[PDB]
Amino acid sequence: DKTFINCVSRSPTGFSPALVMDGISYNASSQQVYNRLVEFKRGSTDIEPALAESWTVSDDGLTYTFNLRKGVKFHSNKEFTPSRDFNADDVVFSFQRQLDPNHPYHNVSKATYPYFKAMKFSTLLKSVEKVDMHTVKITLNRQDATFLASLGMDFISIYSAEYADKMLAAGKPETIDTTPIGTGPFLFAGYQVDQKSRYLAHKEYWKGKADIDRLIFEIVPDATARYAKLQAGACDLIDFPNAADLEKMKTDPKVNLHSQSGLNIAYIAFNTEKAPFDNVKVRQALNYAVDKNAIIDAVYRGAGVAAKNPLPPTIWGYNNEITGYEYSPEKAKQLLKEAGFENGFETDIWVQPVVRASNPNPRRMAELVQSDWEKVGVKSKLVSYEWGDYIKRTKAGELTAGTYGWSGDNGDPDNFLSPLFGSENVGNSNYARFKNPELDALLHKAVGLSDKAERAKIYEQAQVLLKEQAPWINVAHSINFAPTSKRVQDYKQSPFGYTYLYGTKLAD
């Protein structure tokens, strides 16, 4: 009937949002089949009620009480049919699995809860308690102005406690991870490796049945094929088009091309705990060495902007008075000389193996940086690994310097600065291994304030500090594209980059 064909560039790492932390996986699971307690309005960073119908917050900002929606049905599959509606047990399960190392599901699928860790929920959460069947009370150890928006994030999707109970009893608990059951607008209808995953409209969805009956995420790895299929009408949406095809699609009558400035940053991270990158003068030098304009031209082809802060220009708290390091090989050489490296040195540049939102060609970007560094005496080899291995090694601190990128997930500047630069996230999401007590104090103070204007002043100061300490080269903020077929109606890009299809329709 009404089948939306979404052509995606890679197979998902997994279908359990608590266990992963990448957009392909989220798009193929939590964005379609799960709900959160609160969710973002489409195309917006504003939050609204979802599985929590309403809530209250205590005056001290430490106690959040959630009144849960009644009448909410979970999906079924061949292995499980729910015998009760969504309730507090499902919320408690979803938190406690991650929070409690001795929860029965903590080690199922060898789970590691990467985003739960980067968000520091283990130290944030004092308790998550069932008050009654339709009421959950969460107590915090400290104030967090971003907590409600954070509860809209995919990693804290609400799973089925009944499903978990049944699958554990049957001796196959991993089933809840590979074979998702949620309350969300679409339900999981199977995955064929390196071919496609399928979804169906959840007819009993609590907010009303979706206008699209069937969804297919067809895995079409070749960008050239994705474009050809879109033109033939075999795709209704594609990701990451090739540059030359993108140029054509801007004025292609068969394409409705959506675009928006990305809430993201592509960067070179320096391992600030590893000589010679532990010398701030070296990190500043390698900034001066790089011609970002040349990267915008060659890599982004103009679809992006040279970055001056790790925050994107379109988020609040962005510091407009900050300038990037100017392109000056002369200044780079002088600093390298002062650092004791007039004769330069040898190093590696780590190259990200897959394309993500913020950078359409990590390898070409690395080649350009490599060339720039060569001009100031810094010679390098490019080093890469398969995606999972690349990130694991990076987190362990094996990198020297490397290409990475980040898209924000809750609309708040804290969700850039804390995951990326907070000392507590070294080994998690802070690849530069940056530990700066002055920054930590700024971020800790800001996150708890209710006065947004004051939060903004603090983040602005934080950006001054980050420029001076140069844990990174801020490279670019990209443009997000969503090329669609002409029959797609009412589609909206997510501010965070996700493909969210509830509320989209298909014309005749």
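For every residue, the number given is its place in the sequence shown, counted from 1.
**Q** I need to verify one thing: averaged over C-alpha atoms only, is the B-factor higher for 159-167 or for 128-136?
**A** It is 128-136 that shows the higher mean C-alpha B-factor.
**Q** Using the B-factors recorded in the PDB entry, average over the C-alpha atoms of 210-218 and of 337-345, then report which stretch comes out higher.
**A** The stretch with the larger mean CA B-factor is 337-345.
**Q** Out of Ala482, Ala52, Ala470, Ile458, which shows the largest CA B-factor listed in the entry?
**A** Highest C-alpha B-factor among the listed residues goes to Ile458.
**Q** From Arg97, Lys250, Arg433, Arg142, can you pick the one with the highest C-alpha B factor in the entry?
**A** It is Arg142.
**Q** Comparing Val72 with the other modelled residues of its chain, is its CA B-factor in the lowest, middle or highest third?
**A** For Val72, whose C-alpha B-factor we compare with every modelled residue in the chain, the answer is the middle third.
**Q** Using only modelled residues of the chain, where does the Cα B factor of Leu37 rank: lowest third, middle third or highest third?
**A** For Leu37, the deposited C-alpha B-factor lands in the lowest third.
**Q** When the deposited Cα B-factors of this chain's modelled residues are ordered and cut into thirds, is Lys172 in the lowest, the middle or the highest one?
**A** Tercile = middle for this residue's CA B-factor.
**Q** Compared with the other modelled residues in the chain, in which third is the CA B-factor of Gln463?
**A** It falls in the middle third of the chain.
**Q** With respect to C-alpha B-factor, does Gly302 fall in the lowest, middle or highest third of the chain as deposited?
**A** Highest third - that is where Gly302 ends up once the chain's C-alpha B-factors are sorted.
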